[PDB]
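Just below is one structure, and these are the notes that go with it.
Residue numbers (PDB author numbering), protein chains in the order written: chain D, 1 to 256; chain E, 2 to 254; chain F, 1 to 255.
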């Protein structure tokens with residue numbers, strides 16, 4: 001399809017969604033929400049895609065949101081619209097997703113990055129939750145996902161003060177998978193996406209789903225769910241080919 | 002008037018300074034009741050938007066009065082629900098800052114973890130040495146420490162009683178920031194001032210949403226936050242904050 | 001007893017379980033699972049044991065599993081056996097366990113290490129979750145314990161790419177307790193075990209159980225659990241002696 005705020009690219013088994021509002025420093029709005037989730041969902045249902053990247057510009061992954069949509073928003077309209085709920089569709093994506101974050105990832109932007117499974121950051125990446133300064137708070141999962149990544153003391157710090165966090169701090173805290181030089185961000189993200197998309201598709205979906213369990217229940221239930229999923233893998237051809245390949249000292253030819 | 006603490010107000014920030022220097026600010030029952038009383042009074046004061054808790058340069062709080070526990074029987078502890086009063090600190094709705102220098106050991110460390118924001122001096126030494134006394138943490142240590150720095154390190158700290166310096170606390174998830182010892186009180190006031198200057202309802206909601214991350218599934222935490230966020234739009238502070246932003250000025254809440 | 005795939009030694013109040021499959025880099029398999037859990041269980045019930053070390057060789061804590069064993073498994077075989085469930089027995093051990101990890105700890109090996117309470121890593125340690133490459137996923141708690149230790153973005157990365165993590169990253173990410181020089185792994189692990197085993201046995205077991213609570217319920221419930229366990233500690237002679245010793249400024253003499 002054609003979109004207005006994003007560009008969508010397919011190369012091999014990798015899909016890439018590039019936020020495209022340069023005049024706004026890739027600020028999120030309701031239209032961006034709708035377009036990204038439509039794109040991501042459409043990519044998720046494509047058998048020829050095994051990984052999805054979401055990225056912005058070198059200057060901004062996403063520097064926040066259009067204040068106009070929130071400025072004269074009333075509680076009635078927010079409640080009626082369930083304002084931001086549509087973002088949940090990105091989390092419902094079963095194929096692995098990778099946020100490639102360069103420069104500014106602030107408010108909504110940082111929240112969008114955290115929605116992704118894998119987070120590769122440029123060395124220029126700046127994260128933060130400055131929503132408090134506008135007299136509000138995170139509304140796209142920030143108080144949940146940030147706190148679960150970096151712990152209470154830092155989560156409370158960023159959310160109550162709005163201070164920024166650079167890439168190196170993001171990396172030692174739990175917020176990002178790894179950090180790479182800014183000129184190599186897109187190349188690294190593609191390489192990570194490539195590797196992931198060459199794994200067995202069900203095994204990757206299963207592995208991602210199992211990790212996601214770790215934030216939804218007791219440890220004891222997470223362990224049970226994982227083990228059962230693990231057992232199910234043995235009904236898949238790819239488990240059989242994967243192990244055979246290992247033993248026979250050769251490359252696995254996955255069928256998906 | 003208090004015996005074991007000093008309480009001070011300035012603008013919209015309140016400071017509770019632990020005041021038992023002859024005993025390294027070691028916690029006891031009086032300290033528990035006074036700190037929690039002062040914090041609760043500050044929480045109900047609408048002229049207060051942030052609360053600092055700190056000790057001295059040498060020790061935030063080093064352990065506790067052991068004679069208060071030595072001869073306790075199970076029946077005594079159960080009847081008294083020993084340490085339950087500390088729960089009043091976590092119920093404080095206004096943001097709290099632990100400004101930790103020097104020794105934060107046992108209860109001292111647990112008191113620091115109860116606060117929302119933790120600013121440590123470079124001299125801060127954290128530890129859970131309760132095991133050495135033949136008991137364990139009883140003020141949230143096994144729960145808050147583990148959730149901050151992970152199982153491997155919490156197990157290490159709680160079972161060997163080894164201490165952890167400010168740098169390790171910072172890379173592990175225990176403190177928000179580390180600052181030079183001479184700047185601790187200054188920096189915490191700066192952080193407190195900043196928080197106290199935000200919308201009171203907005204910061205209470207933010208804090209409360211963050212606390213949810215430890216009480217339920219992510220699924221439920223996400224829904225709660227989104228509902229809280231929705232409700233913020235029924236506040237006048239929200240209209241002010243966004244209007245102040247457009248006009249590139251400071252909000253007048 | 002005597003074992004085929006492991007070695008067991010006892011000194012003072014510390015027990016050591018050494019993985020012993022050098023021909024296969026200590027790769028896990030059903031026998032290792034059964035023997036390791038049997039040994040741990042026996043050490044757990046020995047009153048004269050206060051700490052338990054699990055370790056491998058300097059080249060590998062445990063590099064992967066016998067893929068040969070899982071290769072021809074159908075879903076039915078895995079379902080019937082409840083494949084890997086027996087590992088649960090290790091975490092049911094009440095005495096503190098310490099994983100001393102040198103070299104390779106990949107897949108099941110990394111999962112094994114994470115099951116332990118304390119993890120001492122040699123600077124040569126290499127952690128990974130490469131299960132995905134075989135067209136499966138972590139089956140021994142990897143997706144669960146790794147995620148809880150290092151956070152979502154890093155666990156996703158490891159589990160979805162199979163990349164390795166060195167001891168230094170592991171230490172700053174939350175995965176390990178401490179990193180020491182390779183030549184001193186065993187020495188330092190035994191010092192840590194000696195310290196833990198010299199604590200009150202009951203107090204150590206309680207603190208360990210309290211800590212485990214932090215992954216099984218909400219924070220409010222974990223708080224109440226720990227306070228009540230704390231209350232009951234006052235019914236132990238060790239509480240009474242340990243506090244008396246501290247107050248009397250003398251060394252404690254436990255039971």
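The C-beta atom is built at its ideal place from N, Cα and C for all residues, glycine as well.
In this structure, residue 150 (chain E) sits away from residue 119 (chain E), with a CB-CB distance that is not shorter than 8 Å. C-alpha of residue 191 (chain F) to C-alpha of residue 110 (chain F): approximately 22 Å in a straight line.
Contact note: residue 25 (chain E) does not reach chain F at a C-beta cutoff of 9 Å; the least C-beta distance is about 14 Å.
Bounds of the beta strand (DSSP E) holding residue 97 (chain E) are 97 to 101.
Contact with chain F is absent for residue 144 (chain D), since none of that chain's Cβ atoms lies less than 8 Å from the residue's Cβ. Given a length threshold of 3 residues, each whole run of the beta strand (DSSP E) inside the region 14 to 102 of chain D is given here in chain order: 14 to 19, 51 to 55, 60 to 62, 97 to 101.
Residues of chain D with a Cβ closer than 9 Å to the Cβ of residue 41 (chain E) do not exist; the shortest Cβ-Cβ separation is about 20 Å.
Secondary structure of residue 230 (chain E) (DSSP, three-state): helix. With respect to chain F, the C-beta atom of residue 92 (chain E) has no partner C-beta closer than 8 Å. By the criterion of a C-beta distance shorter than 6 Å, residue 229 (chain E) is surrounded in its chain by 206, 210, once the five residues flanking it on both sides are discounted.
By the 16-neighbour rule on beta-carbons within 10 angstroms, residue 25 (chain F) is buried. With a cutoff of 8 Å on beta-carbon distance, residue 139 (chain D) and residue 215 (chain D) are scored as not near each other. The alpha helix (DSSP H) runs lying completely inside the region 129 to 216 of chain E and spanning 4 residues or more are 142 to 150, 152 to 161, 167 to 173, 185 to 198, 201 to 213, given in chain order. Per DSSP, the continuous beta strand (DSSP E) segment holding residue 9 (chain E) begins and ends at 6 to 11. In terms of Cβ geometry, residue 54 (chain D) and residue 17 (chain D) form a close pair [threshold 8 Å]. Here residue 159 (chain D) is buried. Its C-beta has 16 or more other C-beta atoms within 10 Å.
If the five residues before and after residue 237 (chain D) are omitted, its C-beta is found closer than 8 Å to the C-beta atoms of 255, all from its own chain and listed in chain order. In the three-state scheme derived from DSSP, where H, G and I count as helix and E and B as strand, residue 246 (chain D) is classed as helix.
Shown here, residue 251 (chain E) sits in coil according to DSSP, grouped into three states, outside any helix or strand. Residue 74 (chain D) and residue 219 (chain E) have their C-alpha atoms spaced approximately 26 Å apart. Secondary structure at residue 225 (chain E): helix, using DSSP grouped into helix, strand and coil.
By the Cβ test, the region 118 to 132 of chain E is in contact with the region 157 to 171 of chain E, since at least three Cβ pairs between them sit closer than 8 Å. Cβ-Cβ distances below 7 Å link residue 91 (chain D) to 115 in the same chain, with the five nearest sequence neighbours on each side left out; the list follows chain order.
For residue 125 (chain E), there is no enclosing beta strand (DSSP E), as DSSP marks it with neither H nor E.
The beta-carbon of residue 181 (chain D) is placed no less than 8 Å from the nearest beta-carbon of chain E. Residue range 104 to 106 is occupied by the beta strand (DSSP E) that includes residue 105 (chain D). Contact of residue 38 (chain D) with chain F is not assigned, every C-beta pair being separated by 8 Å or more.
Taking 8 Å as the threshold, the shortest C-beta distance from residue 165 (chain E) to chain D does not fall below it. Looking at D:51, D:134, D:57, D:198, the one whose alpha-carbon comes closest to that of residue 250 (chain E) is D:134.
Judged by their CB atoms, residue 57 (chain F) and residue 102 (chain F) are nearer to each other than the 8 Å cut-off.
For a Cβ distance threshold of 8 Å, residue set 78, 83, 84, 136, 137, 138, 139 of chain E lies close to residue 230 (chain F), ordered along the chain. Residue-level contact by beta carbon holds for residue 152 (chain E) and chain F, with a gap shorter than 8 Å. At a C-beta separation below 7 Å, residue 19 (chain F) has no neighbours in chain E, since its nearest C-beta there lies roughly 19 Å away. Nearest CB-CB separation between residue 109 (chain D) and chain F: not below the 8 Å threshold.
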